[PDB]
Structure formats: C-alpha cells, structure tokens
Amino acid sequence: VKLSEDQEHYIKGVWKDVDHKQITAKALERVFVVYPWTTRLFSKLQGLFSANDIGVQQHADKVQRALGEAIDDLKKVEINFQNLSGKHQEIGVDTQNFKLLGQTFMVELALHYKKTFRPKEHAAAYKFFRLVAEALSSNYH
C-alpha cells in the first residue's frame, strides 16, 4: 500500500501537531479495554493498563518512536520494520492485532481533531496504519 502526496502531507502534519507519547499511550489503553485479549503478552505491565501508568508510558515511548521512523521514510517502512516484525512473532502476537491498534489510534485522532477529522483525513490515517500493519505482518515466518 502507498499514500498519495496529499495523504503523506497530512500524516506528517498530524505528527508535528500531536503529542506523540500521550496519544500513543491513550491508544494502548484503549486497545487493552476494547480488545481484552491484547493484554495477554504484556506481563511486564503487572496489571497496570492505564495511560497514566509508568509501564504503559515507557512502552508508549517505544511505539511512538517506531511510528516516527515509519513517517520519516514511508518508502522503506517494510524493510525498516523487518526486525520488529520478527520480534512480534517471537513474542506470540497475532497479526490482526496490528490493525486493532491502528483502529484505537484513529479513534484518539478523532477525539482530538473532532469535526476536522473528515472522511478524507480519516482515509489518510487508515491508509497509514494499513501500511504499518502490513510491514509488521510481512516478516512473519
């Protein structure tokens, strides 16, 4: 999958506007509640799954950094995420989960931008998370 010139501009624009860590932390809290099974492999969090918990915060910093690396070079995402893709399979996470985090992230984008998050913006975000989801599932052996 690939984003048009307009979609890439919007995504880079959003990334400059939002607080990377806070929005990511809230997206993780949301995925844990909406899709309960996702908490399974997060044993290090010792049952603390809220956005304001230190564990979630530390993990959110890792996730947002990876997303930023994707936004910086949308053409080499699949290649750059090879290791991370393998890393997730090793841990035991189901490929469909990647799509789920993409969904809770778009809900957080919607809550933040409200009415300015129109179909065109939503489509740009979805396309971005679909590219990220693809790159993370690609190296599953």
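When you see a residue number, it is the position in the sequence shown, counting from 1.
Exercise. Which has the higher mean CA temperature factor in the PDB entry, 49-57 or 28-36?
Worked result: Higher mean C-alpha B-factor in the PDB entry: 49-57.
For this session: Check the entry's C-alpha temperature factors for 5-13 and 126-134, then say which stretch has the higher mean.
Result: According to the entry, 5-13 carries the higher average C-alpha B-factor.
Exercise. Which of these, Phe81, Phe98, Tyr113, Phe105, has its C-alpha atom at the highest B-factor, as the entry lists it?
Worked result: Among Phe81, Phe98, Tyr113, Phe105, the PDB entry lists the largest C-alpha B-factor for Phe81.
For this session: For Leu74, return the chain-relative third of its C-alpha B-factor as stated in the PDB record: lowest, middle or highest.
Result: Its C-alpha B-factor belongs to the highest third of this chain's values.
Exercise. C-alpha B factor of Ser43, ranked within the chain: lowest, middle or highest third?
Worked result: Answer is highest: the recorded C-alpha B-factor places it there.
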